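**Student:**
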Amino acid sequence: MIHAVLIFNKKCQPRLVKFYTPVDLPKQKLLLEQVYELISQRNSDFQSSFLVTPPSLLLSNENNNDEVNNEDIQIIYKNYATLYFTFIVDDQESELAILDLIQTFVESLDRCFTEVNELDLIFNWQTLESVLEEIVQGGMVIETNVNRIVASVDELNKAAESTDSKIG
Amino acid sequence: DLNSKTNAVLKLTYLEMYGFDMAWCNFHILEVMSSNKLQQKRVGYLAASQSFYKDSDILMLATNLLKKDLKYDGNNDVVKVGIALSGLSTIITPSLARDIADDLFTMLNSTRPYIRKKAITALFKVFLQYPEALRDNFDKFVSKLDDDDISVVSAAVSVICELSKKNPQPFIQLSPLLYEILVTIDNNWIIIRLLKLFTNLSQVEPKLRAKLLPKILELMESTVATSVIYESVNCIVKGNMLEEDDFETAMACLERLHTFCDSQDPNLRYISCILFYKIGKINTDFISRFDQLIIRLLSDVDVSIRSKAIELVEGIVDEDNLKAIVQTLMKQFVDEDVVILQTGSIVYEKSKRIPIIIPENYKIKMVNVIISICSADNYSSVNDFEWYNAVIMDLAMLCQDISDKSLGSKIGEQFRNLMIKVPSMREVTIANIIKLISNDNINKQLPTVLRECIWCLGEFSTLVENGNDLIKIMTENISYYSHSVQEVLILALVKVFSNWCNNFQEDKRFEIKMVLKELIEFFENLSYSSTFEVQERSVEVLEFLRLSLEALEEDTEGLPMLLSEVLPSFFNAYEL
Amino acid sequence: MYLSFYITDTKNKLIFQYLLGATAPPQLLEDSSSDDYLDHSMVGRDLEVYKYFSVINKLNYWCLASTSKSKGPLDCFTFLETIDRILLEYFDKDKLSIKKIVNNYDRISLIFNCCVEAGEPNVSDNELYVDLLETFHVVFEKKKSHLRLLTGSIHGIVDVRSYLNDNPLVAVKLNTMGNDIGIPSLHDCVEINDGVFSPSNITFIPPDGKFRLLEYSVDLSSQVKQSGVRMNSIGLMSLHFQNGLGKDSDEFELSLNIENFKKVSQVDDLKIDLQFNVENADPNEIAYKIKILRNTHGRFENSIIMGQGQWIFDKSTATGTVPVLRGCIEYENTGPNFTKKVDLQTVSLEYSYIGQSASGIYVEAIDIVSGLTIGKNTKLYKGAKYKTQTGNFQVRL
Amino acid sequence: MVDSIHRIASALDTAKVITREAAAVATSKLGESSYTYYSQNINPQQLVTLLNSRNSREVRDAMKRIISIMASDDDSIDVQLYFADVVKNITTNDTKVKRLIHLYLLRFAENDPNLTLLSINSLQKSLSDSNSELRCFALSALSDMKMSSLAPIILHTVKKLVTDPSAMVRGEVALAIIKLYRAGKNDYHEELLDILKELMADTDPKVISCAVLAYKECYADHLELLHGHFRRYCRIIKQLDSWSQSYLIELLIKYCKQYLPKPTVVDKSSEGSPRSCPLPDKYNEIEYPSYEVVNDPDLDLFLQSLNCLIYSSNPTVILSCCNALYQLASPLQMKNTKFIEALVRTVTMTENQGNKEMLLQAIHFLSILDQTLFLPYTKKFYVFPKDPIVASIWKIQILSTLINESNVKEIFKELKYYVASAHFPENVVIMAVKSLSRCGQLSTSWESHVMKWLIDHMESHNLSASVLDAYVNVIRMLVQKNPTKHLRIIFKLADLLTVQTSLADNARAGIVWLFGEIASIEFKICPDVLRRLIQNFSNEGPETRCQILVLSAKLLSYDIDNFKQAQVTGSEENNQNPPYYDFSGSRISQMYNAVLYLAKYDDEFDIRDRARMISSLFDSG
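Line by line, the protein sequences are chains C, B, X and U.
Using the numbering used here, the letters of the first sequence correspond one by one to residues 1174 to 1341.
Using the numbering used here, the letters of the second sequence correspond one by one to residues 10 to 585.
Using the numbering used here, the letters of the third sequence correspond one by one to residues 6 to 402.
Using the numbering used here, the letters of the fourth sequence correspond one by one to residues 12 to 632.
The following block contains the structure:
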């Protein structure tokens, strides 16, 4: 189960966090901070993409890849052009499941937001969210098909636009 | 106004996320969920799903509302249905579950894959709470599990998986269907999941594991991914599926790992390396196929990889392999080592100079390995014994930097063994030892090495002509030494002098006499150690020596005999 | 070679470190909660690095030195002390608490450097007021109704704050109230030349700065015996714990007469901490209740939980007046596991006075010497202030 | 290890406080950026120019910075010129300047001999100036130079500066004369003496602290001179700041180790004489002998001083003094009672731990050298409750030192009472053992009570392996001093071993040895013990086996002579019997044979080797 997804821009700013389960918000915040931190230390070429960590590397510093861990929490990072997507999963969700979901998410985002910028993501946080949800649901990514996702997003955009002061 | 509603909802959601009375917000969220706009419905639903936990009245209301929305055509019907279901699923009560199931059941039969997916996911969450509902809905799942749409199937599966986590018994019932779906899926993520599910069912039910294993490995063979490959491997290694019947599966999985390890990505590498090792502990044959892979990983800079390799090297060694490995490690460590010994830098590629890199614990492990390698078979086959001897001396040096004393101990023991074996090399070893001792660096930290050296020399003093320099070394260094060492040195020296005195006759030579005298003075000094035992041990030796001297003064020929005569006498007197 | 100095708090946390020069890289520490405890560590490798350590605790700060190889341990201890003092003068004076250190950690480093610059450790070395502060501490042993001063230690510091214009000299005459006053210890700005200055006299040269003029430690056991002093006031505080107890109660009477304090100047804050051993008896065993303790001029607050009394006497009670602190201890037990025994243990009373003499060093006269005459313009100030502390009175029963 | 350690350290350091000097600029005021200038190049020009400016104040600033840059090895930085300029500026009449300049000089010398020489010349010129404040500092630097070539200079100066009447100058001329001898010794000693003398006789604490730090050096070698000089030093210490006192301690320690003027015949006839005291021969006051050291106002003054310092309320001065008092002492010095009383007083005064431990230790060291002194203080060191395992351990060591015969009972009572009573940790029990051991070494009458106490603890408790190792070592020591109580001690231990077939390797080792050792006293019985051991050796650890051997061996011997004549067997002479002959080759042999065989089966060589020899020698009679 993905318990949360965080999308950050290249300058480490969080932009979206989704939490599929309740977890305590203070914990989520802390985690998001630590993950950000490591990300910063990791190089742009590394950007790590991931930080799995035994807890003890939670942070431990001595070999600075000390990764981050928090025990029971694996952190998967993905860098695309300019956004970073971090997915925090419980120890019971598989890394691949998390990666796939990420990859699919990213592809969709790129298709929908061909150029995503940070500002466009913010405003359209709901749109980004919707896509993320659809993908996720019943734990399940149920359409996997990038063409279906792309359509769905267009449908949602049409809705929100139709509503927009309730939205904008 | 709809835009205002959206705002209210945002605020309520933020309040519910805090840990606030959700019951009070429910009424409002319920009204918003009745707004025709689909976005507002979605946000409302999200809130209620966050809120419902515990309050049953609220839940009941929220349910009624969601139901209405599900029934309404809805025309963005997919989205509305979709959200509502998620929503309902995240609500759990037995009453609600009862309602929801009926709704979900209907929605499972909608055409649109989006809806079907959501519906499935919902029934998952529901079942996560209420088993009776499951029982009733169990049938539908079975029908849905058979829909043509890969995303729907994937969902059905995940759901059955969760339900196994909570109920395994019902699903050990459906396992066959799951096995039939996995056999029909094209999609990698779907395959990956199905694989996990079976792993989950395996912890409960080995029978399933058997049926599914072969479904895994066929799927890995058809998917490329990479994750499906890793997965099959992790599942194989996990369920402990493996058991041996499953070796064949493991093999395929390994072969796929080896192909991948052989991709440049550290994530895939590490994962493979680990999986390899684990398998190797379990299956040496596989390892022999994967030595090459290991050696290549040794040149990788990633500490987890390195450590994983060294651990692999220990169970693989062949002679050609040994020599290669040894040299490679020795070289690496002169070039890979330092970083964490010095700090703890994170790794870099770039410095062209490279920060360089091994932890302290890696170093210790390396040395330990080397020693084992030299002693296995027995490496009667380092062909070049010279290299070993060198390596050992080298390690000792670097470790002096580490301490951890234990490194230093293990190394010493090994050296002793090498010397005992390979009579050639002895002379080389002795010379080096003597030099290392007179180089203070061994004295620092290293009492064990000193103790060993002491032993080696008493034994081999017979090889060495100049048993004088050795002994003048040792005598000068005795004052710098720990009590254990002092005890050892004392004991050795005495063991030696006995050998010399047997050979002295050259003249008796005056030198032997002087050397004895020196040893005596020293031991007297050690008779003043704070530990009574040691003190007594030294005093005994002092007397022993003094004797030999007297004997030499009065004789030469009679010295060996005299020593066996006098020494015991003294010893008994003291003890007596 | 490198030297390094570190300063740690009582809770082993490093507060300051300094490295001088060069290339530079559990039982005692565990114990340091006790205040006295760290002793040496050898970081050691043959780079002899030697280490050494020394630690100094002053005013809650611990100072650790290291040296590299040679210098000797004692040399490192001397450098540590001078550093400590400098830290007191610099920061003005009153405290170097960990909090202060931390905030001033750098100010400490700067000092260290100066000491080393000068090359050498530089070595390590109109109105007048004399404010004698005295902290007594006395270990009494009760035997038979009378408390016999078994040990004690009165520590006097004598500070003096001046306002001359130049540097005249001061003679201070201390009086013995036949207690040979024997060792006054004098501050680096002070001289006590040899019996020229008599044993009762002290000569001090200005600093502008507050200066501790003389510290005096008098071991009460011999003094009191020599002088006959059952402290009738001060220090001998007589606590009478009456057993004849019932299973829950007991009564103890403590009187702190201040007959011998008339010229002892004000007592700024007498604090009495009575410990009822509850450490070895489990506070449930010792539920004790202190019912009434009556001071005529102070305040009592009980801490049962913790197993303690604290009684704080405010400075107004001064002369002849005798604050009597009576009261009753009732050991309430909810367990049966209390056997009605509370080993009654040690009641430490710490007094602080102001303006009086630790040994009886009451300064009876202070005179000025420089070719000066009386009313050549020299006046008497107010508000030197000394402090004195030892450890602590103890009355055993 | 070291890497990580240093890494962390540095980090914290530098960072605090805002890198030293970069923070030094940041907090300057408008003109607060100076720091960053000289930090970010003040520059040599700024320095040189500032030195060539003729104003004593400007020379100061320039001197300060200069000193830093020189220290940094900014290498770029002629230090020769600064050196030169600074040397000329040394001749300025300002004290602050002279001070800095002296500091600088000492720096350069650390790197460069020529400059070292110049700096020395300058110091000579200024030393010949009438200004005593300068002539002083100047002479000081000459002393921190390390060099032997600078001696002929430094001397001519030192001579002129002693011959100056000034107290300041007299302080410094000592520092020099000292750091001088430390190097070019002969040409210089005649003068360097008649000098240091007139000096020491100064009044100013900053002059005394200096001659001290001096005399401490020159004399390492020329101690006859030092004496007549060392006196005022000890007198002075009594009158002085607590810092100036600790210093005098370090010296008084060194001097003594050097002038013990030798005992050589010690004129005990000097006056009122202690061992006697010389005065120096070259002064010839009726040569007053050497041991000067204990009598002579110099040494004696030292001891008395040390005391006052300890009485002086400063714990440092107290610990340090204790160390010095331990070294001088002809034991006649510590018997002083004062040293002890002072220590004990400190102990109770001390609040601080580094101290408590030090105190408890001191008391031990002093008891060692002097027990009879601590006796009135024992009841004082009955343990303080608050204290840890190490403290309770130290209290035990003290009791062990204080034992008189009349007091001993009082002590033992406290101990035994502790072992049984306290919930004493195993570690404490270990020490309590080492003590009681050392106690009996001194008393014989009380030894029995001690041993019995020990054994009773061992026989009974299944004691821990560490404890067993200790006890075994102790029992061994006592047996070594009191062989009469020894026999019982052995039998008692034998039984314990025979029961414990499980014992620890180190225990078996001790237990066995003790029995080798005691066998002389009653090696009639020892065969019984050795028998059990052998029988059970085969199931034991190596070290244990080794000890078991040597101790079979010894046991065998002691009794060869006693066995042999007894063993030279069925020689009749042995069935004849004095006392030991002992049933000898048979009883002992039967034991050794078993032992040897058993040792051979152990891995350790030393065990086997000894076992082999033992058998050979034994066998041959």
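Note that CB positions come from ideal geometry on N, CA and C, so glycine has one too.
1) Return no unless some Cβ of chain B is closer than 9 Å to the Cβ of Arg-18/U.
2) Under 8 Å, with one C-beta from each stretch per pair, do the segment 1301–1319 of chain C and the segment 161–168 of chain B reach the 3-pair mark?
3) Distance cutoff 9 Å, beta carbons only. Does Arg-278/B sit that close to anything in chain C?
4) Who pairs with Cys-68/X in a beta bridge, going by DSSP?
5) To the nearest angstrom, report how far apart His-375/U and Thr-412/U are at their CA atoms.
6) Cβ closer than 9 Å: which chain B residues qualify as neighbours of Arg-50/X?
7) Which residue or residues does DSSP assign as beta-bridge partners of residue 1/U?
8) For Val-505/B, which residues of its own chain have a beta-carbon under 6 Å away from its beta-carbon, when the five flanking residues on both sides are left out?
9) How close, in whole Å, do the beta carbons of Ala-178/U and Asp-215/U come, if the pair is a contact with beta carbons under 8 Å?
10) In terms of DSSP beta bridges, what is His-142/X paired with?
11) I need the straight-line Cα distance from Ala-515/U to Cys-462/B, nearest angstrom please.
12) What is the rounded straight-line gap between the Cα of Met-402/B and the Cα of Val-431/B?
13) Which residues does DSSP pair with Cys-333/X in a beta bridge?
14) Counting contacts by CB-CB distance shorter than 9 Å, is residue 469/X in contact with chain U?
15) Taking DSSP as the reference, what is the three-state secondary structure of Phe-281/X?
16) Identify, in the order they occur along the chain, each residue of the same chain with its Cβ nearer than 6 Å to the Cβ of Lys-345/X, setting aside the five sequence neighbours on each side.
17) With 8 Å as the C-beta to C-beta threshold (strictly closer), list the residues of the segment 277–309 of chain U near chain X in chain order.
18) For residue 421/X, write down the residues that DSSP places opposite it in a beta bridge.
19) Can at least three beta-carbon pairs, one atom from the segment 230–239 of chain X and one from the segment 207–214 of chain X, be found at a separation below 8 Å?
20) Measure how close the beta-carbons of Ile-113/X and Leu-85/X come, nearest whole angstrom, since I'm counting them as under 8 Å.
21) DSSP three-state call for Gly-324/B: helix, strand or coil?
22) Tell me where the alpha helix (DSSP H) around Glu-1206/C begins and ends.
23) Which residue or residues does DSSP assign as beta-bridge partners of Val-328/U?
24) What does a CB cutoff of less than 6 Å around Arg-401/X pick up in its chain, not counting 5 residues either side in sequence?
25) Within the segment 104–153 of chain X, note down every full beta strand (DSSP E) run reaching 3 residues or more, in order along the chain.
26) CB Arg-278/B to CB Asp-309/B, shorter than 9 Å?
27) Between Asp-44/X and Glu-368/U, how many whole angstroms is the CB-CB distance? I'm expecting something under 8 Å.
28) Quick one: what does DSSP say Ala-73/U is sitting in, helix, strand or coil?
29) Measure the CB-CB distance between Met-242/X and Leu-261/X and report whether it falls below 9 Å.
30) At the 9 Å Cβ level, is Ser-160/B part of the contact set with chain C, yes or no?
31) Mapping DSSP to helix, strand and coil, what is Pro-1187/C?
32) Put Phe-398/X into one of helix, strand or coil per three-state DSSP.
33) Look up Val-41/B in the DSSP assignment and say whether it is helix, strand or coil.
34) Measuring CB atoms only, is the segment 362–371 of chain X touching the segment 373–381 of chain B, in the sense that at least three cross pairs come out at less than 8 Å?
35) Checking 9 Å against the spacing of the C-beta atoms, do residue 595/B and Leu-117/B come in under that value?
36) Could you check where the alpha helix (DSSP H) with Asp-145/B kicks off and where it finishes?
**Tutor:** Working from what's here:
1) Cβ-Cβ to chain B under 9 Å: yes for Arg-18/U.
2) Three or more beta-carbon pairs separated by less than 8 Å link the segment 1301–1319 of chain C to the segment 161–168 of chain B, which places the two stretches in contact.
3) No, its Cβ sits nowhere closer than 9 Å to a Cβ of chain C.
4) DSSP lists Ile-12/X and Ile-61/X as the bridge partner or partners of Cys-68/X.
5) The alpha-carbon of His-375/U is positioned some 7 Å away from that of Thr-412/U.
6) Close partners of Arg-50/X in chain B (Cβ separation under 9 Å): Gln-409, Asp-410, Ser-412, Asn-450, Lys-453 and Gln-454.
7) Residue 1/U lies beyond the stretch modelled for chain U, which goes from 12 to 632, so this question has no answer here.
8) Listed in chain order, the non-local C-beta contacts of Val-505/B below 6 Å within the same chain comprise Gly-467 and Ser-470, local neighbours out to five positions each way being set aside.
9) The pair is a contact, with the Cβ atoms about 4 Å apart (cut-off 8 Å).
10) Bridge partners of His-142/X: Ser-158/X.
11) For the pair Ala-515/U and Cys-462/B, the Cα-to-Cα distance works out to about 28 Å.
12) Looking at the two C-alpha atoms, the distance is approximately 16 Å.
13) Answer by DSSP bridge pairing, in chain order: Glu-256/X.
14) There is no way to answer for residue 469/X, as the model of chain X reaches only from 6 to 402.
15) For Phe-281/X, the secondary structure class from DSSP, reduced to helix, strand or coil, is coil.
16) If you ignore the 5 residues before and after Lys-345/X, its C-beta comes within less than 6 Å of the C-beta of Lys-252, all in its own chain and listed in chain order.
17) Residues of the segment 277–309 of chain U with a C-beta less than 8 Å from any C-beta of chain X: none at all.
18) The structure shown does not extend to residue 421/X, since chain X spans only 6 to 402, so no value can be given for it.
19) No contact exists between the segment 230–239 of chain X and the segment 207–214 of chain X.
20) Taking the Cβ atoms as the reference, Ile-113/X lies roughly 12 Å from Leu-85/X, outside the contact range of under 8 Å.
21) Residue state, collapsed to three classes: coil.
22) Membership of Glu-1206/C in the alpha helix (DSSP H) is indicated by the continuous run 1198–1214.
23) Paired residue(s): none; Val-328/U is not in a bridge.
24) Excluding five sequence positions before and after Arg-401/X, the CB atoms of its chain that fall closer than 6 Å to its own CB belong to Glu-146 and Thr-351, given in chain order.
25) DSSP runs (the beta strand (DSSP E)) wholly in the segment 104–153 of chain X: 133–148.
26) Yes, they are a contact pair.
27) Rounded, the Cβ-Cβ distance is 7 Å, consistent with contact.
28) Helix, per DSSP.
29) Between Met-242/X and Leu-261/X, the C-beta gap is smaller than 9 Å, which places the two residues in contact.
30) Interface residue, yes.
31) Looking at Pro-1187/C - three-state DSSP - the assignment turns out to be strand.
32) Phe-398/X sits in coil when the DSSP states are folded into three classes, being neither helix nor strand.
33) In the structure shown, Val-41/B adopts helical secondary structure according to DSSP, grouped into three states.
34) Too few Cβ pairs lie closer than 8 Å, so no.
35) Absent from the structure is residue 595/B, since the part of chain B shown begins at 10 and ends at 585.
36) Where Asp-145/B is concerned, the enclosing alpha helix (DSSP H) stretches over 140–153.
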